[PDB]
Amino acid sequence: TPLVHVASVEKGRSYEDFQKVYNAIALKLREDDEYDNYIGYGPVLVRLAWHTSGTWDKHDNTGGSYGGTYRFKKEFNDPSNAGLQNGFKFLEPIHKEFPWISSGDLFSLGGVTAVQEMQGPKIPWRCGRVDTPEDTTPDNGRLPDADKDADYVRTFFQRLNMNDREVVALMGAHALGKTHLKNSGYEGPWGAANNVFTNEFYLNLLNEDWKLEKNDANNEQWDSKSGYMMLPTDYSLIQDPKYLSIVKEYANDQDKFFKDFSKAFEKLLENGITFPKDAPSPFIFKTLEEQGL
Ligand code: HEM
């Protein structure tokens, strides 16, 4: 038997209200710019949107972005979530300013905000997630391991109802940010421009001379002379012939990657949620640049 989670618009709010939150997040991202050696909070926000959505299980409709359960200690302390506390504390002051927004809508909106402010595509976003009680927090272990191969990646993502194209598009977000030894047992960025959203991950995967090395934490990762790295799960995208075809596609067509990421990422943030027919349409927020702010 599966739960239903129906979206309920937080009371009386409309587009102008959520655009105000987006703007608060965007402004903080622009100001609090020294985090992680001047990477900024963009990438950890996108990670947090993904980890809070990616506990979903299509089989019983548990986990996912709806309940905003990352705020509970079981989930907050998942070892897979190490590092994400920085994204939570970045958002805490925003939530105090806008205490009406649910936690789900805030964690997911922070990811949308960060992608758009890092010059990525527009991601339509829908409001309506409702905080659910502590007893609905998912058990640890539902997020993926990095030391596995393409068959594991494919199987993992089937749980999230993601197909080959969706998975490859979604992994393009590893253009952003970096791995941190004390968080995950891997270290280094995937590329040079790690707070601008581009198709650089696919380019570097195909074009770099990758060497399998062991890092100071005794885990294997692929390293290049440029100073980039790839997780084994990243690198398996060029080992699997189906994945590789899509990697080459996104490497050679920026616009296609952007459109495919937008669709897949929205779906990720909306998995598990039922929207009434009279729910508002998806919002497309303007960036600070488009507003002239
Ligand atoms: C195979 C599945 C994935 C694995 C194994 C994986 C693994 C990791 C790991 C280990 C990190 C580094 C954390 C750290 O120690 O600082 C990382 C970072 C990141 N992941 Fe993935 N990830 C996966 C999928 C995704 C997806 C689907 C997204 C897109 C929403 C995503 C977005 C990010 C981002 C933005 C970071 C950078 C965070 C930061 O820079 O602080 N990852 N990932």
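Draft legend 1. How the structure looks around the environment of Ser102. Relative to the assigned elements, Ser102 resides in the loop between α5 (85–97) and α6 (103–117). Distance in space between the C-alpha atoms of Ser102 and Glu187 is 34 Å, their sequence separation being 85 residues. If we ignore the near neighbours within four places in the chain, the residues touching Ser102 are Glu10, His95, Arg129, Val130 and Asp131. A polar contact of 2.7 Å, which involves the side chain of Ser102, links it to the backbone oxygen of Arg129.

Draft legend 2. Molecular detail of the UniProt feature "binding site: heme b" in the protein. Taking the UniProt record as the reference, the feature "binding site: heme b" is found at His174. Here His174 is to be found in the loop between α8 (164–171) and α9 (181–184). We classify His174 as partly exposed; its relative accessible area is 22%.

Draft legend 3. View of the site of the ligand. As a structural note, the neighbourhood of the ligand is formed by 21 residues, with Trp50, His174, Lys178, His180 and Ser184 the closest of them. One nitrogen or oxygen atom from the side chain of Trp50 is found 3.3 Å from a nitrogen atom belonging to the ligand. Measuring from a nitrogen atom of the ligand, one finds a side-chain N or O atom of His174 at 2.8 Å. Of all the secondary structure elements, the ones that give two or more residues to the shell around the ligand are α3 (42–53), α8 and α9. Counting residues per element, the shell around the ligand draws most heavily on α3, at 3 residues. Residues of the shell around the ligand, tallied by class, amount to 11 nonpolar, 7 polar and 3 charged. Shared between two domains, the shell around the ligand holds at least three residues of each, these being domain 1 (3–143 + 265–293) and domain 2 (144–264).

Draft legend 4. Here's a closer look at the UniProt feature "active site" in the protein. Annotation from UniProt places "active site" at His51 and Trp190. Considering the arrangement of structural elements, one finds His51 in helix α3. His51 gets classed as buried once you look at its relative accessible area, which sits at 4%. Beyond its immediate stretch of four places on either side in the chain, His51 contacts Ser80, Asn81, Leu84 and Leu143. Turning to its location among the elements, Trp190 is positioned in the loop between α9 and α10 (200–207).

Draft legend 5. Summary view of the domain arrangement of the protein. Domain annotation of the protein identifies domain 1 (3–143 + 265–293) and domain 2 (144–264). With centres defined by C-alpha atoms, the gap from domain 1 to domain 2 works out at 22 Å. Taken together, the contact between domain 1 and domain 2 spans 28 residues of the former and 25 residues of the latter. Surface buried jointly by domain 1 and domain 2 totals about 2300 Å² across both partners, of which 60% is contributed by carbon and sulfur atoms. Across the domain 1-domain 2 interface, the total number found is 1 salt bridge. Across the pair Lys267 and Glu166 runs a salt bridge whose closest N-O atoms are separated by 2.8 Å.

Draft legend 6. Here's a closer look at the packing of α3 against α5. Two elements in contact, α3 and α5, have axes whose closest approach is 9 Å; the angle formed by their N-to-C orientations is 100°. Comparing their axes, α5 and α3 come out roughly perpendicular. Contacts between α3 and α5 involve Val44, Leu45 and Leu48 from the former and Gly87, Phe88, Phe90 and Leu91 from the latter.

Definitions and cut-offs
- Residues numbered from 1 in each chain as written, not as in the entry; some residues may be left out.
- Heavy atoms only, no water.
- Helix = DSSP H or I, 4+ residues; strand = E, 2+ residues; numbered from the N terminus.
- Contact = heavy atoms within 4.5 Å.
- Polar contact = N/O pair within 3.5 Å; in protein donor to acceptor, adjacent residues only side chain to side chain.
- UniProt positions renumbered as here; feature names shortened; annotations may be inferred.
- Buried < 20%, exposed > 50% of the residue type's maximum accessible area, 1.4 Å probe, protein only.
- Near = heavy atom within 4 Å.
- Nonpolar A, V, L, I, M, F, W, Y, C, P; charged D, E, K, R; others polar.
- Domains from an automatic or database assignment.
- Buried area = accessible area lost by both parts, 1.4 Å probe.
- Salt bridge = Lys/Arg side-chain N within 4 Å of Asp/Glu carboxyl O.
- Axes fitted to C-alpha atoms, helices over the stretch in contact; angles between N-to-C directions.
- Parallel < 35°, antiparallel > 145°, perpendicular 65-115°, else oblique.

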